[PDB]
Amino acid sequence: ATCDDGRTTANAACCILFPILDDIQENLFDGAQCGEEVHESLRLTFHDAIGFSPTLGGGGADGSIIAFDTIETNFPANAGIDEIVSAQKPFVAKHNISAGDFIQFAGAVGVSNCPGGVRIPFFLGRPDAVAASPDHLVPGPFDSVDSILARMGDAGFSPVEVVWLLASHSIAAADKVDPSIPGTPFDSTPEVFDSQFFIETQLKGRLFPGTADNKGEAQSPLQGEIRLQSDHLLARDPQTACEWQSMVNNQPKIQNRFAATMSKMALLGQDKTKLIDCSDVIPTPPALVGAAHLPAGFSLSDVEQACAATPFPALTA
């Protein structure tokens, strides 16, 4: 089909996404950049979607975290999420798409601004949210690996899929874990969707980027990078260590698994055959140009190898 401004898309009902695309690129993402607003919106897809539990309820990726922000932003694990919810809410009021659709579309559009990124499959037609997510369904940085895995497993994700999803931390920073150093990134290239995150969380901790007493935080390997205790443990846990390391210097796998796994997550509580495929509306991301690497002056001896079957790959530094 061909839309009114001449732009084309496979299914005619996708046409209404183009003015939304233009709006968000200029006014949410501040000129199509891969900065803070993109990182925030990506976090929002997870905080929306993961409110889904067979035994307690929640409609998953349904927009409840906007529609019922009053409740859901009261959950400790949604600390800091109010900012991006209030940034997004006007877009949803102004345009004609459900909140569920908007959160997933903006996350996918955002990720497409990042070098190395992918086009997350996007589907249109999520009905408005009809209930608030139950409490206590969003994992935190102080939870154990077993607890994180059991929660994600409860929402339909296996341990390897939890790992793939965590490629999102390749474009990420924390504001609340250590409020004295807000905006400190999880890897050295928070504007680049690459494997530096899986490499750098594997280094021995050296120091604390700000204060030392912070719940959910591990020693970082670098002044200038912050490390979650959960990422620290996942990178070293016998259940997840090998999959973690298999992401290193493996951008084709990170791309493939992240797009597919985000797609599954974007559809929690939803049925894609009742929805319209509008994937081709997401922009084409820039490619990487620079090789994966250890930070300069670090070597293999700085790496806490945790995969018994496969030694950590020999990267340049």
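Counting begins at 1, following the sequence as shown.
When the two stretches 293-301 and 15-23 are set side by side, the higher mean Cα temperature factor goes to 15-23. Mean CA temperature factor is higher for 210-218 when stretches 229-237 and 210-218 are set side by side in the entry. Residue-level inspection of the entry shows that, of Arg43, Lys274, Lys253, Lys264, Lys274 has the top Cα B-factor. Listed residues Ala93, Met152, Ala106, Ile199 were ranked by CA B-factor as deposited; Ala93 comes out on top. Sort the chain's modelled residues by C-alpha temperature factor and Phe123 lands in the middle third, per the entry.
Among the modelled residues of the chain, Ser53 sits in the middle third by CA temperature factor in this PDB entry. When the modelled residues of the chain are ordered by C-alpha B-factor, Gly80 sits in the highest third.
Among the modelled residues of its chain, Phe102 has a C-alpha B-factor that falls in the middle third, as given in the PDB entry.
When all modelled residues of the chain are sorted by CA temperature factor, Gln223 is found within the highest third.
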